[PDB]
$ cat model.tsv   # TSV, C-alpha atoms and all ligand atoms
chain	number	residue	atom	x	y	z
G	4	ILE	CA	-84.59	-36.26	49.47
G	5	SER	CA	-85.20	-33.32	47.15
G	6	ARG	CA	-81.48	-33.25	46.31
G	7	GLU	CA	-82.32	-36.02	43.83
G	8	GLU	CA	-84.52	-33.85	41.60
G	9	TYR	CA	-82.22	-30.88	42.23
G	10	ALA	CA	-79.37	-33.09	41.02
G	11	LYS	CA	-81.73	-34.39	38.32
G	12	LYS	CA	-82.70	-30.95	37.03
G	13	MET	CA	-79.28	-29.29	37.15
G	14	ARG	CA	-77.72	-32.15	35.19
G	15	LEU	CA	-80.39	-31.65	32.52
G	16	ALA	CA	-79.89	-27.88	32.60
G	17	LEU	CA	-76.15	-27.67	31.90
G	18	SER	CA	-74.36	-31.01	31.40
G	19	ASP	CA	-73.06	-32.10	28.02
G	20	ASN	CA	-75.28	-34.51	26.09
G	21	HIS	CA	-72.84	-37.35	26.77
G	22	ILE	CA	-72.42	-36.94	30.53
G	23	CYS	CA	-76.17	-36.98	31.24
G	24	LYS	CA	-78.63	-39.59	30.00
G	25	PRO	CA	-81.91	-38.49	28.36
G	26	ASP	CA	-83.99	-39.49	31.39
G	27	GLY	CA	-81.83	-37.24	33.59
G	28	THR	CA	-80.00	-39.88	35.64
G	29	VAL	CA	-76.21	-39.95	35.58
G	30	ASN	CA	-75.08	-42.25	32.76
G	31	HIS	CA	-72.12	-44.09	34.28
G	32	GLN	CA	-71.07	-45.57	30.92
G	33	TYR	CA	-69.25	-42.35	30.04
G	34	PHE	CA	-67.67	-42.15	33.50
G	35	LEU	CA	-66.48	-45.77	33.47
G	36	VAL	CA	-64.20	-45.29	30.44
G	37	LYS	CA	-61.20	-42.97	30.73
G	38	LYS	CA	-61.14	-39.67	28.83
G	39	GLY	CA	-63.33	-38.86	25.83
G	40	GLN	CA	-62.96	-42.41	24.52
G	41	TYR	CA	-66.64	-43.19	25.14
G	42	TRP	CA	-68.22	-44.07	21.78
G	43	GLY	CA	-71.29	-41.85	21.52
G	44	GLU	CA	-74.63	-43.51	20.85
G	45	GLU	CA	-74.60	-41.40	17.68
G	46	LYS	CA	-71.10	-42.65	16.82
G	47	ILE	CA	-72.33	-46.26	17.07
G	48	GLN	CA	-75.12	-45.43	14.61
G	49	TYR	CA	-72.42	-43.83	12.45
G	50	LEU	CA	-70.24	-46.95	12.48
G	51	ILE	CA	-73.20	-49.25	11.77
G	52	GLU	CA	-74.20	-46.96	8.89
G	53	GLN	CA	-70.69	-46.35	7.53
G	54	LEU	CA	-69.72	-49.98	7.73
G	55	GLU	CA	-72.46	-51.49	5.54
G	56	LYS	CA	-71.87	-49.49	2.37
G	57	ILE	CA	-68.08	-49.26	2.77
G	58	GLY	CA	-67.57	-52.81	4.03
G	59	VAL	CA	-65.30	-54.67	6.42
G	60	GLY	CA	-61.56	-54.37	5.80
G	61	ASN	CA	-62.06	-50.83	4.47
G	62	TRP	CA	-60.73	-49.19	7.66
G	63	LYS	CA	-58.34	-47.06	5.61
G	64	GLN	CA	-61.45	-46.02	3.68
G	65	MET	CA	-63.56	-46.21	6.87
G	66	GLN	CA	-61.68	-43.63	8.97
G	67	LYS	CA	-61.96	-40.84	6.41
G	68	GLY	CA	-65.70	-40.15	6.64
G	69	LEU	CA	-68.05	-40.94	9.51
G	70	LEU	CA	-65.86	-40.62	12.55
G	71	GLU	CA	-64.45	-37.13	12.29
G	72	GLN	CA	-61.59	-37.89	14.63
G	73	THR	CA	-59.23	-40.65	13.61
G	74	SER	CA	-61.01	-43.63	15.11
G	75	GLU	CA	-58.98	-46.22	16.95
G	76	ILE	CA	-58.15	-49.36	14.98
G	77	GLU	CA	-61.03	-50.60	17.07
G	78	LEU	CA	-63.46	-50.27	14.23
G	79	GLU	CA	-62.49	-53.80	13.53
G	80	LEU	CA	-62.66	-54.34	17.26
G	81	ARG	CA	-66.07	-52.79	17.88
G	82	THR	CA	-67.63	-54.45	14.86
G	83	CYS	CA	-67.13	-57.79	16.62
G	84	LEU	CA	-69.63	-56.67	19.26
G	85	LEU	CA	-72.19	-56.08	16.51
G	86	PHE	CA	-71.37	-59.42	14.84
G	87	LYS	CA	-71.01	-61.40	18.11
G	88	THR	CA	-67.76	-63.12	17.17
G	89	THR	CA	-64.32	-62.99	18.79
G	90	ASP	CA	-62.58	-63.54	15.43
G	91	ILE	CA	-64.15	-61.60	12.53
G	92	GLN	CA	-61.46	-63.06	10.21
G	93	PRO	CA	-64.33	-65.08	8.72
G	94	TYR	CA	-66.43	-61.99	7.96
G	95	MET	CA	-63.54	-59.73	7.03
G	96	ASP	CA	-63.42	-57.93	3.65
G	97	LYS	CA	-67.14	-58.66	3.08
G	98	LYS	CA	-69.34	-55.60	2.74
G	99	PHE	CA	-72.50	-56.11	4.78
G	100	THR	CA	-75.95	-54.54	5.14
G	101	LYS	CA	-77.21	-52.43	8.02
G	102	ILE	CA	-79.95	-54.98	8.71
G	103	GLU	CA	-77.78	-58.08	8.20
G	104	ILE	CA	-75.80	-57.48	11.42
G	105	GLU	CA	-78.41	-58.57	13.95
G	106	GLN	CA	-79.23	-61.80	12.09
G	107	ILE	CA	-75.53	-62.69	12.28
G	108	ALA	CA	-75.67	-62.29	16.06
G	109	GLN	CA	-78.74	-64.40	16.90
G	110	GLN	CA	-77.29	-67.40	15.06
G	111	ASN	CA	-73.82	-67.10	16.62
G	112	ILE	CA	-75.29	-66.14	20.01
G	113	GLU	CA	-77.39	-69.29	19.66
G	114	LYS	CA	-74.54	-71.40	18.26
G	115	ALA	CA	-72.26	-70.38	21.13
G	116	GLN	CA	-74.98	-71.62	23.51
G	117	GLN	CA	-75.14	-75.10	21.97
G	118	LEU	CA	-71.34	-74.95	21.57
G	119	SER	CA	-70.97	-73.86	25.23
G	120	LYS	CA	-68.58	-71.28	23.72
G	121	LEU	CA	-70.52	-68.19	24.83
G	122	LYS	CA	-68.70	-65.75	27.11
G	123	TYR	CA	-69.47	-62.09	27.87
G	124	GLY	CA	-72.53	-62.19	25.59
G	125	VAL	CA	-70.51	-62.71	22.39
G	126	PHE	CA	-69.56	-65.89	20.53
G	127	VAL	CA	-66.00	-66.77	21.56
G	128	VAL	CA	-63.97	-68.71	19.01
E	140	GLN	CA	-38.16	-66.83	23.59
E	141	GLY	CA	-40.94	-68.67	21.75
E	142	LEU	CA	-43.78	-66.18	22.10
E	143	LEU	CA	-45.98	-66.19	18.99
E	144	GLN	CA	-48.46	-68.22	21.04
E	145	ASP	CA	-47.68	-65.91	23.97
E	146	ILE	CA	-48.56	-62.65	22.22
E	147	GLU	CA	-51.59	-64.22	20.53
E	148	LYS	CA	-52.80	-65.54	23.91
E	149	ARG	CA	-52.81	-62.12	25.60
E	150	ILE	CA	-54.78	-60.52	22.73
E	151	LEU	CA	-57.80	-62.82	22.95
E	152	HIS	CA	-57.52	-62.51	26.75
E	153	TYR	CA	-57.51	-58.71	26.67
E	154	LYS	CA	-60.39	-58.73	24.17
E	155	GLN	CA	-62.49	-60.76	26.63
E	156	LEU	CA	-62.32	-58.06	29.32
E	157	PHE	CA	-63.41	-55.51	26.72
E	158	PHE	CA	-66.20	-57.95	25.86
E	159	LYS	CA	-66.78	-58.33	29.60
E	160	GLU	CA	-66.76	-54.63	30.52
E	161	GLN	CA	-68.66	-53.62	27.38
E	162	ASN	CA	-71.40	-56.02	28.53
E	163	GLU	CA	-71.52	-55.02	32.21
E	164	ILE	CA	-71.75	-51.39	31.07
E	165	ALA	CA	-74.88	-52.49	29.20
E	166	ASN	CA	-76.01	-54.44	32.30
E	167	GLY	CA	-76.40	-51.29	34.39
E	168	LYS	CA	-72.96	-51.51	35.99
E	169	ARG	CA	-72.38	-48.60	38.37
E	170	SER	CA	-69.43	-46.27	38.00
E	171	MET	CA	-67.92	-44.82	41.16
E	172	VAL	CA	-69.36	-41.33	40.51
E	173	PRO	CA	-72.28	-40.75	42.91
E	174	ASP	CA	-75.75	-40.23	41.48
E	175	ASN	CA	-76.09	-36.63	42.68
E	176	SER	CA	-72.93	-35.03	41.30
E	177	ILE	CA	-73.65	-32.37	38.69
E	178	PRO	CA	-70.61	-32.73	36.41
E	179	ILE	CA	-70.09	-30.03	33.79
E	180	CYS	CA	-67.23	-30.27	31.31
E	181	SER	CA	-66.31	-26.80	30.06
E	182	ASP	CA	-63.41	-24.41	29.88
E	183	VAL	CA	-63.86	-21.47	32.16
E	184	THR	CA	-62.58	-19.37	29.30
E	185	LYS	CA	-65.71	-20.02	27.23
E	186	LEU	CA	-68.38	-20.97	29.78
E	187	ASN	CA	-71.52	-18.89	30.30
E	188	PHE	CA	-71.74	-18.10	34.01
E	189	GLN	CA	-75.31	-16.90	33.46
E	190	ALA	CA	-76.48	-20.38	32.44
E	191	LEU	CA	-75.21	-21.74	35.76
E	192	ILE	CA	-76.74	-18.73	37.54
E	193	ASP	CA	-80.18	-18.79	35.91
E	194	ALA	CA	-80.44	-22.55	36.47
E	195	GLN	CA	-79.34	-22.90	40.10
E	196	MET	CA	-81.39	-19.87	41.17
E	197	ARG	CA	-84.44	-21.50	39.55
E	198	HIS	CA	-83.97	-25.14	40.60
E	199	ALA	CA	-83.01	-23.81	44.06
E	200	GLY	CA	-83.98	-20.45	45.56
E	201	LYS	CA	-80.48	-20.21	47.06
E	202	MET	CA	-77.03	-19.67	45.60
E	203	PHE	CA	-73.89	-21.63	46.47
E	204	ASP	CA	-73.03	-21.89	50.17
E	205	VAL	CA	-69.48	-23.22	49.69
E	206	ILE	CA	-67.17	-22.62	46.70
E	207	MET	CA	-64.11	-24.78	46.05
E	208	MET	CA	-61.34	-24.42	43.53
E	209	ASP	CA	-57.88	-25.72	42.83
E	210	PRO	CA	-56.96	-23.47	39.96
E	211	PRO	CA	-54.12	-24.37	37.65
E	212	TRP	CA	-51.47	-21.72	37.84
E	213	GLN	CA	-48.92	-21.29	35.13
E	214	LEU	CA	-45.53	-21.93	36.74
E	228	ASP	CA	-52.80	-26.69	32.28
E	229	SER	CA	-51.35	-23.17	32.48
E	230	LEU	CA	-54.22	-20.76	33.08
E	231	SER	CA	-53.01	-17.13	33.14
E	232	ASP	CA	-53.08	-15.13	36.37
E	233	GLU	CA	-55.43	-12.41	35.06
E	234	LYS	CA	-57.92	-14.78	33.42
E	235	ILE	CA	-58.52	-16.58	36.72
E	236	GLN	CA	-59.02	-13.23	38.50
E	237	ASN	CA	-61.77	-12.46	35.97
E	238	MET	CA	-64.05	-15.43	36.67
E	239	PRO	CA	-67.25	-13.75	37.96
E	240	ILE	CA	-67.22	-15.30	41.43
E	241	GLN	CA	-69.15	-12.30	42.77
E	242	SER	CA	-72.38	-13.46	41.16
E	243	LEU	CA	-72.07	-17.22	41.78
E	244	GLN	CA	-72.02	-16.78	45.57
E	245	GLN	CA	-74.14	-14.47	47.71
E	246	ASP	CA	-73.81	-15.88	51.24
E	247	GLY	CA	-71.23	-18.41	52.40
E	248	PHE	CA	-67.57	-19.42	52.38
E	249	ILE	CA	-64.98	-19.97	49.65
E	250	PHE	CA	-62.24	-22.62	49.73
E	251	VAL	CA	-59.31	-22.13	47.36
E	252	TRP	CA	-56.09	-24.17	47.34
E	253	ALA	CA	-52.90	-22.10	47.09
E	254	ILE	CA	-49.52	-23.55	46.26
E	255	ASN	CA	-46.62	-21.69	47.82
E	256	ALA	CA	-45.60	-19.91	44.62
E	257	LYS	CA	-49.12	-18.43	44.52
E	258	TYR	CA	-49.90	-18.21	48.24
E	259	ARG	CA	-49.91	-14.41	48.19
E	260	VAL	CA	-51.58	-14.28	44.76
E	261	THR	CA	-54.63	-16.13	46.06
E	262	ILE	CA	-55.11	-13.86	49.09
E	263	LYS	CA	-55.22	-10.92	46.68
E	264	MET	CA	-57.49	-13.02	44.46
E	265	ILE	CA	-60.30	-13.72	46.96
E	266	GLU	CA	-60.17	-10.13	48.25
E	267	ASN	CA	-60.87	-8.41	44.92
E	268	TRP	CA	-63.86	-10.76	44.75
E	269	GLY	CA	-64.97	-9.05	47.97
E	270	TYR	CA	-64.39	-11.76	50.58
E	271	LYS	CA	-62.47	-11.58	53.88
E	272	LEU	CA	-59.65	-13.96	54.76
E	273	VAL	CA	-60.45	-15.61	58.08
E	274	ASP	CA	-58.88	-19.07	58.13
E	275	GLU	CA	-56.63	-21.50	56.28
E	276	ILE	CA	-56.79	-25.29	56.19
E	277	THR	CA	-53.40	-27.00	56.44
E	278	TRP	CA	-52.94	-30.38	54.75
E	279	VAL	CA	-49.70	-32.00	55.93
E	280	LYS	CA	-48.57	-35.12	54.07
E	281	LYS	CA	-48.06	-38.42	55.92
E	282	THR	CA	-45.65	-41.06	54.63
E	283	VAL	CA	-47.58	-44.00	56.13
E	286	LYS	CA	-45.75	-39.01	58.72
E	287	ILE	CA	-43.98	-36.10	56.96
E	288	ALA	CA	-43.45	-34.70	53.46
E	289	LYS	CA	-40.31	-33.84	51.50
E	290	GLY	CA	-40.84	-31.00	49.04
E	291	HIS	CA	-38.19	-28.89	47.36
E	292	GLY	CA	-38.77	-25.28	48.36
E	293	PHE	CA	-36.43	-22.43	47.54
E	294	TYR	CA	-36.20	-21.46	51.22
E	295	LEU	CA	-37.86	-24.24	53.24
E	296	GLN	CA	-38.83	-27.84	52.59
E	297	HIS	CA	-42.54	-28.06	51.79
E	298	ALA	CA	-44.48	-30.70	53.71
E	299	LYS	CA	-48.02	-29.30	53.42
E	300	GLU	CA	-50.42	-27.57	51.07
E	301	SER	CA	-52.76	-24.79	52.18
E	302	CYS	CA	-56.41	-24.22	51.32
E	303	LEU	CA	-57.36	-20.59	51.89
E	304	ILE	CA	-60.79	-19.81	53.33
E	305	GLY	CA	-62.64	-16.59	52.59
E	306	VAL	CA	-66.18	-15.62	53.55
E	307	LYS	CA	-68.80	-12.99	52.78
E	308	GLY	CA	-72.39	-12.37	53.82
E	309	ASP	CA	-74.50	-13.55	56.74
E	310	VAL	CA	-73.20	-16.86	58.10
E	311	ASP	CA	-75.04	-16.29	61.40
E	312	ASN	CA	-77.83	-18.53	60.05
E	313	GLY	CA	-78.12	-22.14	61.11
E	314	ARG	CA	-76.98	-23.00	57.60
E	315	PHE	CA	-73.35	-22.95	58.80
E	316	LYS	CA	-72.30	-24.87	61.92
E	317	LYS	CA	-69.62	-22.75	63.56
E	318	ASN	CA	-66.66	-24.21	65.45
E	319	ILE	CA	-67.10	-27.59	63.78
E	320	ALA	CA	-63.96	-28.39	61.74
E	321	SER	CA	-60.23	-28.12	62.40
E	322	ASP	CA	-57.45	-26.64	60.25
E	323	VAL	CA	-55.21	-29.73	60.21
E	324	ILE	CA	-55.57	-32.68	57.81
E	325	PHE	CA	-53.54	-35.91	57.77
E	326	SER	CA	-54.12	-37.67	54.43
E	327	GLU	CA	-51.62	-39.28	52.10
E	328	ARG	CA	-50.43	-37.95	48.74
E	329	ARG	CA	-53.14	-39.90	46.95
E	330	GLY	CA	-52.93	-39.66	43.15
E	331	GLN	CA	-51.15	-36.30	43.16
E	332	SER	CA	-52.10	-33.82	42.18
E	333	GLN	CA	-55.26	-34.82	44.06
E	334	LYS	CA	-56.66	-33.21	47.18
E	335	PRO	CA	-57.72	-35.07	50.33
E	336	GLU	CA	-61.32	-36.27	50.55
E	337	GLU	CA	-61.43	-35.02	54.17
E	338	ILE	CA	-62.19	-31.51	52.88
E	339	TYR	CA	-65.71	-32.37	51.69
E	340	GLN	CA	-66.37	-34.03	55.05
E	341	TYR	CA	-65.29	-30.77	56.70
E	342	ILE	CA	-67.50	-28.75	54.36
E	343	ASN	CA	-70.33	-31.03	55.51
E	344	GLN	CA	-69.59	-30.41	59.20
E	345	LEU	CA	-69.46	-26.69	58.41
E	346	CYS	CA	-72.52	-26.57	56.15
E	347	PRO	CA	-74.56	-29.76	55.74
E	348	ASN	CA	-77.10	-30.35	52.98
E	349	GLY	CA	-76.27	-27.21	51.03
E	350	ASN	CA	-75.55	-25.95	47.53
E	351	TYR	CA	-71.89	-26.62	46.72
E	352	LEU	CA	-69.61	-25.71	43.82
E	353	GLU	CA	-66.11	-26.89	42.89
E	354	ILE	CA	-64.42	-25.14	39.97
E	355	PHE	CA	-61.47	-26.86	38.26
E	356	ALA	CA	-62.39	-30.37	39.37
E	357	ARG	CA	-61.80	-33.87	38.00
E	358	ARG	CA	-63.49	-37.23	38.07
E	359	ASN	CA	-62.10	-37.93	41.55
E	360	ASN	CA	-63.77	-34.80	42.98
E	361	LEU	CA	-67.40	-35.63	42.18
E	362	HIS	CA	-69.70	-35.80	45.20
E	363	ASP	CA	-73.40	-35.55	45.99
E	364	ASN	CA	-74.81	-32.00	45.66
E	365	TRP	CA	-71.46	-30.82	44.22
E	366	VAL	CA	-71.53	-28.80	41.00
E	367	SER	CA	-68.12	-29.60	39.51
E	368	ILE	CA	-66.71	-27.63	36.56
E	369	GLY	CA	-63.53	-28.80	34.85
E	370	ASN	CA	-62.29	-29.56	31.34
E	371	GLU	CA	-61.38	-33.09	32.26
E	372	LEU	CA	-64.80	-34.59	33.06
H	1	LIG	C1	-54.38	-28.56	39.41
H	1	LIG	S1	-55.69	-29.35	38.81
H	1	LIG	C2	-56.82	-29.36	39.99
H	1	LIG	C3	-57.15	-30.78	40.38
H	1	LIG	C4	-57.99	-30.79	41.63
H	1	LIG	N1	-57.14	-30.34	42.68
H	1	LIG	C5	-58.41	-32.12	42.08
H	1	LIG	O1	-59.30	-32.24	42.91
H	1	LIG	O2	-57.83	-33.07	41.63
H	1	LIG	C6	-56.07	-28.56	37.39
H	1	LIG	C7	-57.25	-29.09	36.57
H	1	LIG	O3	-58.08	-28.04	36.14
H	1	LIG	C8	-58.84	-28.40	35.03
H	1	LIG	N2	-58.64	-27.30	34.10
H	1	LIG	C9	-57.47	-26.99	33.59
H	1	LIG	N3	-57.51	-25.95	32.75
H	1	LIG	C10	-58.74	-25.61	32.74
H	1	LIG	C11	-59.32	-24.58	32.04
H	1	LIG	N4	-58.53	-23.86	31.27
H	1	LIG	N5	-60.59	-24.43	32.22
H	1	LIG	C12	-61.24	-25.23	33.04
H	1	LIG	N6	-60.72	-26.23	33.71
H	1	LIG	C13	-59.47	-26.46	33.61
H	1	LIG	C14	-58.12	-29.60	34.51
H	1	LIG	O4	-58.70	-30.76	35.02
H	1	LIG	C15	-56.88	-29.73	35.27
H	1	LIG	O5	-57.00	-31.11	35.44
$ encode --input "model.tsv" --output "structure tokens"
Amino acid sequence: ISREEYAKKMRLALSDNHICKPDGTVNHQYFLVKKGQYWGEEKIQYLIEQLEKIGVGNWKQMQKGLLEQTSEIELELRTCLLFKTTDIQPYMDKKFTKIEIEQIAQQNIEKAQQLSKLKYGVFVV
Amino acid sequence: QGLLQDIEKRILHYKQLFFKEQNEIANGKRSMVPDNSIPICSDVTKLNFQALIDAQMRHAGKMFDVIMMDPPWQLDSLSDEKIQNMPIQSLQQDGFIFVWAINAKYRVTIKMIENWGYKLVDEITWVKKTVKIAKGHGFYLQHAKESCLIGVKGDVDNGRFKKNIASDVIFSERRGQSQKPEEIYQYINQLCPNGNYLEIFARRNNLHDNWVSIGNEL
């Protein structure tokens, strides 16, 4: 099958940065979610970086800068994935650091394992 | 109806599937799009048809053997003249062209593929089965099928195109209209297997292996 590298090259030659992964394989992640609602890898960096200085609960402040479009209310929602907690109501309104996030996860991702309350890779409350 | 605990219960339930899907996506979950489709999101108004030319010619000594389209006619409203101007002459050197023509534009399309220098020779007919007949309001007759006009140019006398291999009649349902039957690509295979394909104005549900799909909804 040479159609693989032909498909591999032509995707690299013309496809948008989102539709095609840096290796050249189709990145399904964009195709799995409807419309242009896929959160770019750059956008995730933008949310991580916007969130620490601005802080949680600043979504009214949060929307205005990093995500050029009006982001979905999800910014609260996505953040939970970074913090590995189904209910961020404990962490809300606390400005955090860009490095602090991951430490929060490993504890909760560990706690949810000894609490048997781990589902989908995120601490469920 | 006592539903504070109802509406709060669906939220944390719906958030789990997000948490579920957003994990599987990171677990190498496969979308339905095959791994050989060449999807390009663009607007044919602003695309560079020399970037698609220079590339394909390089990553394949050939051009496109079969060209599909289902253009959107104003009746996402693309003007009649701006579709006529798409440089289809240079995308295709030797093969067929498949273009779907609604009845309001059935004559328009025949004019369209002739200015591009082709030669009308056939027409696929896609009748709609109820699951076995369609009801469509036409000004003169009830519409129960859509037509896909077939033009051709160049030397098809090569073994690249299996003659006398597909019919003109198709019997699929009205799946996700406006969506075209998948049986077309199978016919294009029987006509011309393992070849360079192109489908202008396509969507997610049109992606196939070896198909270069252009459409501002991908
Ligand atoms: C009538 S549909 C064709 C759908 C196709 N029959 C299929 O397989 O489903 C029109 C589609 O053309 C694409 N499109 C519309 N306007 C476009 C434009 N101006 N430039 C490029 N693509 C366009 C959009 O996806 C729109 O969904």
$ closest_residue --input "model.tsv" --among "G:72, G:119, G:32, G:20" --to "chain E" --atoms "only C-alpha atoms"
G:32
$ closest_atom_pairs --input "model.tsv" --of "chain G" --to "chain E" --cutoff "6 Å" --atoms "only C-alpha atoms" --output "JSON lines"
{"residue": "G:10", "atom": "CA", "partner": "E:175", "partner_atom": "CA", "distance": 5.1}
{"residue": "G:14", "atom": "CA", "partner": "E:177", "partner_atom": "CA", "distance": 5.4}
{"residue": "G:18", "atom": "CA", "partner": "E:179", "partner_atom": "CA", "distance": 5.0}
{"residue": "G:29", "atom": "CA", "partner": "E:174", "partner_atom": "CA", "distance": 5.9}
{"residue": "G:31", "atom": "CA", "partner": "E:170", "partner_atom": "CA", "distance": 5.1}
{"residue": "G:32", "atom": "CA", "partner": "E:164", "partner_atom": "CA", "distance": 5.9}
{"residue": "G:35", "atom": "CA", "partner": "E:170", "partner_atom": "CA", "distance": 5.4}
{"residue": "G:123", "atom": "CA", "partner": "E:159", "partner_atom": "CA", "distance": 4.9}
$ atom_distance --input "model.tsv" --atom1 "atom CA of residue 201 of chain E" --atom2 "atom CA of residue 251 of chain E"
21.3 Å
$ residues_around --input "model.tsv" --residues "residue 43 of chain G" --least-positions-apart "5" --cutoff "12 Å" --atoms "all atoms listed in the file" --output "ChimeraX atom specification"
/G:19-24,30,32-33,36,48-50,70
$ closest_residue --input "model.tsv" --among "E:200, E:330, E:347, E:247" --to "ligand LIG 1 (chain H)" --atoms "only C-alpha atoms and all ligand atoms"
E:330
$ residues_near_ligand --input "model.tsv" --ligand "ligand LIG 1 (chain H)" --cutoff "9 Å" --atoms "only C-alpha atoms and all ligand atoms" --output "PDB file with C-alpha atoms, in the coordinates of the input"
ATOM      1  CA  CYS E 180     -67.230 -30.270  31.310  1.00  0.00           C
ATOM      2  CA  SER E 181     -66.310 -26.800  30.060  1.00  0.00           C
ATOM      3  CA  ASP E 182     -63.410 -24.410  29.880  1.00  0.00           C
ATOM      4  CA  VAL E 183     -63.860 -21.470  32.160  1.00  0.00           C
ATOM      5  CA  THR E 184     -62.580 -19.370  29.300  1.00  0.00           C
ATOM      6  CA  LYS E 185     -65.710 -20.020  27.230  1.00  0.00           C
ATOM      7  CA  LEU E 186     -68.380 -20.970  29.780  1.00  0.00           C
ATOM      8  CA  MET E 208     -61.340 -24.420  43.530  1.00  0.00           C
ATOM      9  CA  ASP E 209     -57.880 -25.720  42.830  1.00  0.00           C
ATOM     10  CA  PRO E 210     -56.960 -23.470  39.960  1.00  0.00           C
ATOM     11  CA  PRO E 211     -54.120 -24.370  37.650  1.00  0.00           C
ATOM     12  CA  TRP E 212     -51.470 -21.720  37.840  1.00  0.00           C
ATOM     13  CA  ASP E 228     -52.800 -26.690  32.280  1.00  0.00           C
ATOM     14  CA  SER E 229     -51.350 -23.170  32.480  1.00  0.00           C
ATOM     15  CA  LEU E 230     -54.220 -20.760  33.080  1.00  0.00           C
ATOM     16  CA  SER E 231     -53.010 -17.130  33.140  1.00  0.00           C
ATOM     17  CA  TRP E 252     -56.090 -24.170  47.340  1.00  0.00           C
ATOM     18  CA  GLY E 330     -52.930 -39.660  43.150  1.00  0.00           C
ATOM     19  CA  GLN E 331     -51.150 -36.300  43.160  1.00  0.00           C
ATOM     20  CA  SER E 332     -52.100 -33.820  42.180  1.00  0.00           C
ATOM     21  CA  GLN E 333     -55.260 -34.820  44.060  1.00  0.00           C
ATOM     22  CA  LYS E 334     -56.660 -33.210  47.180  1.00  0.00           C
ATOM     23  CA  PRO E 335     -57.720 -35.070  50.330  1.00  0.00           C
ATOM     24  CA  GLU E 336     -61.320 -36.270  50.550  1.00  0.00           C
ATOM     25  CA  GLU E 353     -66.110 -26.890  42.890  1.00  0.00           C
ATOM     26  CA  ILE E 354     -64.420 -25.140  39.970  1.00  0.00           C
ATOM     27  CA  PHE E 355     -61.470 -26.860  38.260  1.00  0.00           C
ATOM     28  CA  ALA E 356     -62.390 -30.370  39.370  1.00  0.00           C
ATOM     29  CA  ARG E 357     -61.800 -33.870  38.000  1.00  0.00           C
ATOM     30  CA  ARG E 358     -63.490 -37.230  38.070  1.00  0.00           C
ATOM     31  CA  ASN E 359     -62.100 -37.930  41.550  1.00  0.00           C
ATOM     32  CA  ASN E 360     -63.770 -34.800  42.980  1.00  0.00           C
ATOM     33  CA  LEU E 361     -67.400 -35.630  42.180  1.00  0.00           C
ATOM     34  CA  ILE E 368     -66.710 -27.630  36.560  1.00  0.00           C
ATOM     35  CA  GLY E 369     -63.530 -28.800  34.850  1.00  0.00           C
ATOM     36  CA  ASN E 370     -62.290 -29.560  31.340  1.00  0.00           C
ATOM     37  CA  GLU E 371     -61.380 -33.090  32.260  1.00  0.00           C
ATOM     38  CA  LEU E 372     -64.800 -34.590  33.060  1.00  0.00           C
TER      39      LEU E 372
END
$ atom_distance --input "model.tsv" --atom1 "atom CA of residue 233 of chain E" --atom2 "atom CA of residue 264 of chain E"
9.6 Å
$ residues_around --input "model.tsv" --residues "residue 109 of chain G" --least-positions-apart "2" --cutoff "12 Å" --atoms "all atoms listed in the file" --output "mmCIF file with C-alpha atoms, in the frame of the given file"
data_model
loop_
_atom_site.group_PDB
_atom_site.id
_atom_site.type_symbol
_atom_site.label_atom_id
_atom_site.label_comp_id
_atom_site.auth_asym_id
_atom_site.auth_seq_id
_atom_site.Cartn_x
_atom_site.Cartn_y
_atom_site.Cartn_z
ATOM 1 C CA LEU G 85 -72.190 -56.080 16.510
ATOM 2 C CA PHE G 86 -71.370 -59.420 14.840
ATOM 3 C CA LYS G 87 -71.010 -61.400 18.110
ATOM 4 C CA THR G 88 -67.760 -63.120 17.170
ATOM 5 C CA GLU G 103 -77.780 -58.080 8.200
ATOM 6 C CA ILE G 104 -75.800 -57.480 11.420
ATOM 7 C CA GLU G 105 -78.410 -58.570 13.950
ATOM 8 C CA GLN G 106 -79.230 -61.800 12.090
ATOM 9 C CA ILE G 107 -75.530 -62.690 12.280
ATOM 10 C CA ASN G 111 -73.820 -67.100 16.620
ATOM 11 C CA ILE G 112 -75.290 -66.140 20.010
ATOM 12 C CA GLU G 113 -77.390 -69.290 19.660
ATOM 13 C CA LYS G 114 -74.540 -71.400 18.260
ATOM 14 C CA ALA G 115 -72.260 -70.380 21.130
ATOM 15 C CA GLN G 116 -74.980 -71.620 23.510
ATOM 16 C CA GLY G 124 -72.530 -62.190 25.590
ATOM 17 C CA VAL G 125 -70.510 -62.710 22.390
ATOM 18 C CA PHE G 126 -69.560 -65.890 20.530
#
